[PDB]
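*Asks:* Supplied in C-alpha cells, the structure appears directly below.
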Amino acid sequence: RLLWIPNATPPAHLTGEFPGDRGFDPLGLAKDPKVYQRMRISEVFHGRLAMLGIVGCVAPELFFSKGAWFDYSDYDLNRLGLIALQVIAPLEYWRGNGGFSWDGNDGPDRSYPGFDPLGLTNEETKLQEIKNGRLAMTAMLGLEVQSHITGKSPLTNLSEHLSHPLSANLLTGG
Amino acid sequence: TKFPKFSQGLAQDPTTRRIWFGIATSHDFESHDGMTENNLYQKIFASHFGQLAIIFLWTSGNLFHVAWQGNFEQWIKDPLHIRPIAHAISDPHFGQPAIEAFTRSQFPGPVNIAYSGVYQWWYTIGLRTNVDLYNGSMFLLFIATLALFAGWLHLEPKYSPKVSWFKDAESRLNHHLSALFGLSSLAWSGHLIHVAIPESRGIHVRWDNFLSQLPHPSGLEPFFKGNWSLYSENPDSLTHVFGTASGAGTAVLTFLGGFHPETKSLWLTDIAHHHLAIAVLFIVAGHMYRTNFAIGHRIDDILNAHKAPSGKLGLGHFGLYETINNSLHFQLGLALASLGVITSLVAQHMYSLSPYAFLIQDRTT
Amino acid sequence: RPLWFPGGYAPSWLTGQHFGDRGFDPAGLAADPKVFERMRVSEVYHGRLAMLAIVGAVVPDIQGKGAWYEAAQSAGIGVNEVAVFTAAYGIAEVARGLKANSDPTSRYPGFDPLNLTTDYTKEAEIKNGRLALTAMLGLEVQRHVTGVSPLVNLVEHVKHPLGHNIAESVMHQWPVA
Amino acid sequence: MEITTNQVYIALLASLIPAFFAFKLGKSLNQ
Amino acid sequence: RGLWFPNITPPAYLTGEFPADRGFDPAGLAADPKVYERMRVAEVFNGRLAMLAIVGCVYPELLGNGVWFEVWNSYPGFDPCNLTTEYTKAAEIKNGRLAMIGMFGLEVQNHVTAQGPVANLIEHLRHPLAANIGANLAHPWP
Amino acid sequence: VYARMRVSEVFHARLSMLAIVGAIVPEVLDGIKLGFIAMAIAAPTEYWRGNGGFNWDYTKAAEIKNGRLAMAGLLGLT
Ligand code: CLA
Ligand SMILES: CC1=C(C#C/C(C)=C/C=C/C(C)=C\C=C/C=C(C)/C=C/C=C(C)/C=C/[C@@]23O[C@]2(C)C[C@@H](O)CC3(C)C)C(C)(C)C[C@H](O)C1
C-alpha cells in the first residue's frame, strides 16, 4: 500500500485496487462506488487533455519558433470556438453516450475504449497513464499561474530560473 | 563464488582464474551454460542495439564538445590558418607553464587540437554554427535512446523474435539492400541537393525554410518531363569561393571529375550524382530475392545450380546455403572480410580523391 | 563490545542496544532514562543539520562565492532574513515537536522513496553525523585561530604539512577573526 | 555562437534519459 | 474479421461473407438482404466511377491542361485472365471507397481553397502549418 | 430503429416550429459572435437531453402533424 504522505491512514473508500490509488481523499469525495467511478473517468480524461495541452503549449514555441501560448492576438476566438465546438460535439457525445446507437452501450469501456493497434494494455501502462496525467495537470496549472504572475513564456521562465536560480523564484517573482 | 553466473565450471574455481576467465568469456554466448538457439539469437540482437547506442552517443559527444569548447565558427572564417580544437583540458596535475603551453585559441584555458577531421566534414555537409552542432548532438542522444529502448523491448517475451525470423535471409537481403543501403543513399543525395550544395553557394537553408526554398531554379518539372540535363546546366566556375555566391553555379547534378580549385576537394554536385546513381542501383538490387510475393530468386537454388560440368569443383556450391544460414561464425567471417576490404578502400581513396573541403591542406589529419 | 576508549569500561546506563553506543558518557549525562530518549532525538537532529551545514560550507567556497563566514553578507541575508526563515521553519518544527520522544518516528519519519532503511544505514547516519558535528566544531575553531577559509587551511596543510598545522598556528595570538 | 550554461544543463538532464535506458537494457541482457 | 471500430458489437446481418465487409452500418440500411444486394451493386459501381473520376480529375492537371472544376466551359464479366478472387474483389471495393472519399475531398477543397487539388498538395508540402484545413477554415473562406 | 426515429421526428418538429414562427415575426416587424454562445449553451443541455439527467394521446400526433407541416413549410421557405 503506497501512500501520498508517510505514516498516513488510507481511507476506507480507497481500497488499493484501482490504478493510481495512494490513499488520498481528505475531503472524502469518493465514498460511493458510483461517484468514485465517475470521478475516475474524469481523472483520466483531465489527464489526457492536460498531456496534449502541455505538449501543445511547449512544442510550438520550442520547435517551431512560435510565441507564448497565451498570445491569442492572432485569431478571433469566436470563429475557432464555433468550428471547434461543431467538431467536438459528436465526439464528446459519443464518448459520454457509449456508442452510435441511441441507447449507446455498444461494447467499449468509456475510459479504455480499445484504441490500441500495438496491443499494450495492462495495469502498469494504466498506472503510467495516471501518473503522467497528474504530472501534466500540475504542469498545466503551473503554466497558467506562471502566466499570470510573470507574464512571460514558460521556456523563458525556465531559462531565467536556470540562469539566476537564487533570484528567479516564486519567492521573488522572477 | 557467484560470478560468472553463465559458467558453473568457472564459478566453482577457487582461484583468481575465475575472475579473469569470467571477463574473457562473457560475450561468447554459445559456450554459456544451458544456451539454446533462441536465447542466443535474442541476446545477439539486443547487444547489437547496445552497440548502436554506444556509437550514437560517441558521435553526440564529438558534436557536443566541439560546439561547447571548440572554435568551429572561427575555423569557418579562416580554415587554412586556424587549428581546430577537440576539447578542453581539466587536469589538476598541470603546472602554470603547461597551462600556458596548451593555451592556443581564444578559449580561456588549455585545449587539445583535434586531428579527426570532423571540422572539415561538418563544414562540407552544411553545418555552420555551434547551434547547429548542439542540435545535432541532441538529436543523436535521442536516437541513442531509441536504440536502447528497442533493445530492451525486443528482449521482452512478447516481442522476442523466433529463430525463423532470424534465419530469413532473402527478406533481410531485400530490406537491407533496398532501404538501408539504397534509400539512405537517396536520402543523402536529398540532403546534399537541398542543404549542402546551397550552403556551399551561400544560400542558408535549414528546417525552417527548406520546404519553400527551391533547390533548383526550375523545379521538379524537368524531372518529370525527362529534361534531366537542365539539372546540369550551369556548374560552379573554377573561380568559386566555397560558402559564397561569388563564381557560384546553379547545377545540382554533374559529372565534372577532379577537384574544386579552392577547397582541393571533389565537387559536391558530383557527390550528389554519385549517391543518386548508386541509390538507383541498390534499390533495383533489393528487388531480387523471393520473399512473400512469388517473384524473385531463392538463394539455395542459385547456389545449387552453380556447378562446373567438368567436375573440377566437385558438387560445386551444393549444401552451402544451410551451412551459412546455420553458422554465425561463417557469417561473421564473411562480414569482417568484406568490411576489412572496404576499410582499406576508404583509406586508399580518401587521401587520393579527397572529398572534404580544406582537408588535404591539414596534413596531420 | 567496541568502545570509544581501550580498557573495556562502559557506563551501566549505556548497555549497547541503541545505535552508536560506544560506552561513551564520562559525565553521566544520560544516566536518567527519560533524558536519554530526548538526547537520542537531538543527536540525530544536530547530526543531520550539521551534515547539511558542512556540505553547505564547502560547496559555495569551491564555486568561488566566498568562505562560509563571509557568505551571508556577500549575498545580503541580514537578521530580518534569518527571522523570516526562522518563522517559515517553525511550522515544520512544531509539526515535528508535537509527537513524543518515545515514538520511533520522532527520529525516523519514514520518508524513504528508495527503501534503504536497514540497521547498517541507521548506524551510518549516526556515524556520518558525529563526523560532521566534529567537522563543524573544527570549522568554527579553525575560523578563529587561523583566520582564513577552511579550504585554504586544507590546501596549505596538504602542500606544507610541517609548515601549517595546529602547532604552528597556535603559537601566534590566535583570536584574529 | 557560444553555447550557454543553460544549454549545458539541458544537455545533461537529457543525457540522464539514455542512462536509465542503458541500465534497463543491461539488467535485461544480464539474464 | 476486422471491424471498422474496435470493440463495437457488429450487426447480425453484416457478417463476413462479402468482399471487404467490416461490419459497418450504424444507421440501418442493409438489414433486408435484398436492399443489401442492390446497395452492393451501387457501391461497386459508384466506386469504379469514383476511381475513374479521380484519375480524370488529377491527370489533366498533372499534364498541365487545366483544372477539373474550371473545365466546365455488380461484377459483369469483361476480363481476359480471371484474377477475380476474394482478395482482388475486396481490393476493388477498398480502392473504390478510398477514391470516393477522395472525390468527397476534391468537392470540398474546390470550394474552400478555390485552387486545384494538385496545387493544394504542393502548397501543403510547401507550407504545412499555413495551408491545411485548420488555417483555411479558421479565416473566412472563399 | 423507430426508437430514435420517433425522437428525431419530435425534435425536428419542435425545431421547425420555433424557426417557422420566429422567422415571420422579425420579418413582419453576427452569426459567429452568437453561434459560439449558442453551441456553448446547447452543449450542456443537449447532453442532459440525451443522457436522461445529470448522470454518466391527441398531442402525440397533433404536434407530429403540425410539426411535419412546419418541417415542410421550412422546405418551402428555403
Ligand atoms: C560518449 C563519449 C563522450 C566522451 C568520451 C566524453 C569525454 C569527456 N567529457 Mg563529455 N559529454 C558527452 C559524451 C562524451 N564525453 C555527451 C553526449 C555530453 C552531453 C550530455 C557530455 C557533457 C559533458 C560535460 C558537461 C563535461 C564533459 C566532460 C568530458 C571530459 C571528462 C570526462 C567527464 O567529465 O564527463 C562526464 C560525463 C558526462 C557529463 C556525461 C557523459 C555521457 C556519455 C554518453 C558517457 C557514456 C560513454 C560510453 C557510452 C560508456 C561506454 C564505455 C564502456 C564500454 C567502458 C571527457 C573529455 C567534462 C569536461 O568537459 O572536462 C574538460 C565536462 O565538464 N562532458
Ligand atoms: C484528488 C483530490 C483533490 C484534488 C485535486 C487537484 C489538485 C485537481 C486539480 C487539477 C489540475 C491542477 C489540473 C487540471 C487539468 C488541466 C487541463 C485539462 C488542461 C488542458 C489543456 C489544454 C487542452 C489546453 C489547450 C491550449 O494550450 C493549448 C494546447 C494551446 C494554447 O495556445 C491554447 C489552449 C489554452 C487552448 C483534493 C480536492 C485536493 C482533495 C480530494 O479529497 C482528492
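*Asks:* Of the residues A:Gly107, A:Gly67, A:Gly99, which single one is more than 14 Å from chain F (Cβ to nearest Cβ), surrounded by 16 or more Cβ atoms within 10 Å (Cβ to Cβ), over 20 Å from the mean Cα position of the chain (by Cα) and away from ligand 1 (no atom under 16 Å from the Cβ)? Lay out the reasoning, then the answer.
*Replies:* Values: A:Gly67 fails: surrounded by 16 or more Cβ atoms within 10 Å (Cβ to Cβ); A:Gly99 fails: more than 14 Å from chain F (Cβ to nearest Cβ).
Just one listed residue meets the conditions, A:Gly107.
*Asks:* Next question, about the same structure. Given B:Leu180, B:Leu127, which one is assigned to a loop (DSSP other than H, G, I, E, B), among the aliphatic types (A, V, I, L, M) and under 30 Å from B:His65 (Cβ atoms)?
*Replies:* Answer to the check: B:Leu127.
*Asks:* Cβ contacts < 8 Å: first residue over 30 Å from B:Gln120 (Cα atoms), restricted to segment B:41-66; second residue surrounded by fewer than 20 Cβ atoms within 10 Å (Cβ to Cβ) and of a type in the set (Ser, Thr, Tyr), any location; separation 6+ or different chain. Result?
*Replies:* Note: pairs meeting the criteria are B:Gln42/B:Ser160; B:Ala46/D:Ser28.
*Asks:* Within segment B:97-124, restricting attention to residues that are assigned to a helix (DSSP H, G or I) and under 32 Å from the mean Cα position of the chain (by Cα), which residue is nearest to B:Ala196 (Cα to Cα)? Steps first, answer last, please.
*Replies:* From segment B:97-124, those assigned to a helix (DSSP H, G or I) are B:97-102, B:118-124; that's our starting set.
Restricting the remaining residues to those that are under 32 Å from the mean Cα position of the chain (by Cα) gives B:118-124.
Numbers: B:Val118: 16, B:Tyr119: 15, B:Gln120: 13, B:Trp121: 11, B:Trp122: 10, B:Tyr123: 9, B:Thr124: 7 Å.
Ranking the qualifying residues of segment B:97-124, first place goes to B:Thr124.
*Asks:* Which one of B:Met350, B:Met288 is touching a strand residue (DSSP E or B) at 6+ places or on another chain (Cβ under 7 Å) and of a type in the set (A, V, I, L, M, F, W, C)?
*Replies:* On the way: B:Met350 fails: touching a strand residue (DSSP E or B) at 6+ places or on another chain (Cβ under 7 Å).
B:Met288 is the lone residue from the list that is touching a strand residue (DSSP E or B) at 6+ places or on another chain (Cβ under 7 Å) and of a type in the set (A, V, I, L, M, F, W, C).
*Asks:* Moving to a separate point now. From the set of residues in segment A:24-53 that are under 13 Å from the mean Cα position of the chain (by Cα) and small (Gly, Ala, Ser), which is surrounded by the fewest Cβ atoms within 10 Å (Cβ to Cβ)?
*Replies:* Of everything passing the filter in segment A:24-53, A:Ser42 is surrounded by the fewest Cβ atoms within 10 Å (Cβ to Cβ).
*Asks:* To continue, here is another question. Only residues that are farther than 22 Å from F:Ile32 by Cα, part of a loop (DSSP other than H, G, I, E, B) and more than 10 Å from every other protein chain (Cβ to nearest Cβ): list them for segment E:102-129, please.
*Replies:* Within segment E:102-129, E:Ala114, E:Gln115, E:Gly116 qualify.
Residue-wise test of (1) within 14 Å of chain E (Cβ to nearest Cβ); (2) surrounded by fewer than 17 Cβ atoms within 10 Å (Cβ to Cβ); (3) over 30 Å from B:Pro157 (Cβ atoms); (4) within 16 Å of ligand 1 (Cβ to nearest atom).
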site	(1), (2), (3), (4)
A:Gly114	yes, yes, no, no
A:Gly119	yes, yes, no, no
A:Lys126	no, yes, no, no
A:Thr138	no, yes, yes, no
A:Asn157	no, no, yes, no
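*Asks:* So if I check each of B:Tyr289, B:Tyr351, B:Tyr356, which one is out of contact with any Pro (no Cβ under 6 Å at 6 or more places or on another chain), more than 22 Å from B:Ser178 (Cα to Cα) and surrounded by 14 or more Cβ atoms within 10 Å (Cβ to Cβ)?
*Replies:* Working: B:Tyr289 fails: more than 22 Å from B:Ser178 (Cα to Cα); B:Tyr351 fails: surrounded by 14 or more Cβ atoms within 10 Å (Cβ to Cβ).
Only one candidate qualifies: B:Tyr356.
*Asks:* Which residue, of B:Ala187, B:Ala196, is under 19 Å from the mean Cα position of the chain (by Cα), crowded, with 17+ Cβ neighbours inside 10 Å and more than 14 Å from every other protein chain (Cβ to nearest Cβ)?
*Replies:* On the way: B:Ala187 fails: crowded, with 17+ Cβ neighbours inside 10 Å.
Criteria check complete, one pass: B:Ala196.
*Asks:* Is there a residue in segment E:46-53 that is within 30 Å of F:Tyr2 (Cβ to Cβ) and out of contact with any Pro (no Cβ under 6 Å at 6 or more places or on another chain)? Step through it out loud before you land on a result.
*Replies:* Taking segment E:46-53 as the starting set, the residues that turn out to be within 30 Å of F:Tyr2 (Cβ to Cβ) are E:46.
Checking the rest, the ones that are also out of contact with any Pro (no Cβ under 6 Å at 6 or more places or on another chain) come to E:46.
Within segment E:46-53, one or more residues are within 30 Å of F:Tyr2 (Cβ to Cβ) and out of contact with any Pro (no Cβ under 6 Å at 6 or more places or on another chain).
*Asks:* Contact list please: Cβ distance under 9 Å, first residue in segment B:337-351 and within 21 Å of B:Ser265 (Cα to Cα), second residue aromatic (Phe, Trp, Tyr), pairs at least six apart or on different chains.
*Replies:* Pairs found: B:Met350/B:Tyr356.
*Asks:* Considering only residues that are touching a helix residue (DSSP H, G or I) at 6+ places or on another chain (Cβ under 6 Å) and within 13 Å of ligand 2 (Cβ to nearest atom), which ones fall in segment A:63-84?
*Replies:* Within segment A:63-84, the subset touching a helix residue (DSSP H, G or I) at 6+ places or on another chain (Cβ under 6 Å) is A:66, A:69-70, A:78, A:81-82.
A:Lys66, A:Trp69, A:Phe70, A:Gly81 - these are the residues of segment A:63-84 that are touching a helix residue (DSSP H, G or I) at 6+ places or on another chain (Cβ under 6 Å) and within 13 Å of ligand 2 (Cβ to nearest atom).
*Asks:* Of all residues in segment B:50-96, which are within 14 Å of chain D (Cβ to nearest Cβ), away from ligand 1 (no atom under 15 Å from the Cβ) and among the β-branched types (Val, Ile, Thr)?
*Replies:* Across segment B:50-96, the qualifying residue is only B:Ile76.
*Asks:* Same structure, new question: Report, by residue number, each residue of segment B:105-143 that is exposed (fewer than 15 other Cβ atoms within 10 Å of the Cβ) and touching a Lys or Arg at 6+ places or on another chain (Cβ under 8 Å).
*Replies:* If the condition is that a residue be exposed (fewer than 15 other Cβ atoms within 10 Å of the Cβ) and touching a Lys or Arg at 6+ places or on another chain (Cβ under 8 Å), then B:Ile113 is the only one that fits.
*Asks:* Return the pairs, sorted by first residue and then second, in which the second residue is surrounded by 13 or more Cβ atoms within 10 Å (Cβ to Cβ) and among the acidic types (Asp, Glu), the first residue lies in segment A:143-162 and is under 21 Å from A:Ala50 (Cα atoms), the beta carbons are less than 7 Å apart, and the residues are 6+ apart or on different chains.
*Replies:* Close Cβ pairs (under 7 Å, with a partner that is surrounded by 13 or more Cβ atoms within 10 Å (Cβ to Cβ) and among the acidic types (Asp, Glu)) amount to A:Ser153/A:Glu61; A:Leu155/A:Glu61.
*Asks:* Is it the case that segment F:50-58 has a residue that's away from every other protein chain (no Cβ under 14 Å), on the phi < 0 side of the Ramachandran plot and part of a helix (DSSP H, G or I)?
*Replies:* Within segment F:50-58 (the criterion being away from every other protein chain (no Cβ under 14 Å), on the phi < 0 side of the Ramachandran plot and part of a helix (DSSP H, G or I)), the answer is yes, since at least one residue qualifies.
*Asks:* Which of the following residues is more than 14 Å from chain B (Cβ to nearest Cβ), in a helix (DSSP H, G or I) and surrounded by 11 or more Cβ atoms within 10 Å (Cβ to Cβ): E:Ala99, E:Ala138? Walk me through it before giving the result.
*Replies:* Numbers: E:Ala138 fails: in a helix (DSSP H, G or I).
Within the list E:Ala99, E:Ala138, the selection yields E:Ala99.
*Asks:* Go through segment C:73-177 and tell me which helices (runs of 4 or more DSSP H), entirely inside it, have 3 or more residues that are within 20 Å of the chain's Cα centre (by Cα) and under 19 Å from C:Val44 (Cα atoms). Show your work before the answer.
*Replies:* Details: elements: C:79-96, C:119-146, C:150-159, C:166-169.
Because the criterion is at least 3 residues that are within 20 Å of the chain's Cα centre (by Cα) and under 19 Å from C:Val44 (Cα atoms), the helices (runs of 4 or more DSSP H) in segment C:73-177 that meet it are C:79-96, C:119-146.
*Asks:* Related question: Among the residues that make up segment B:41-62, is at least one of them farther than 30 Å from B:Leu146 by Cβ, charged (D, E, K, R) and not in a strand (DSSP E or B)? I'd like the intermediate steps shown before the answer.
*Replies:* If we filter segment B:41-62 for residues that are farther than 30 Å from B:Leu146 by Cβ, which is where we start, we get none.
No: zero hits.
Every number in this text was worked out from the coordinates using simple rules, so none of it is lab data. Quick reminder, even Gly has a Cβ in these numbers, built from the backbone with ideal geometry, and neighbours come from all protein chains shown.
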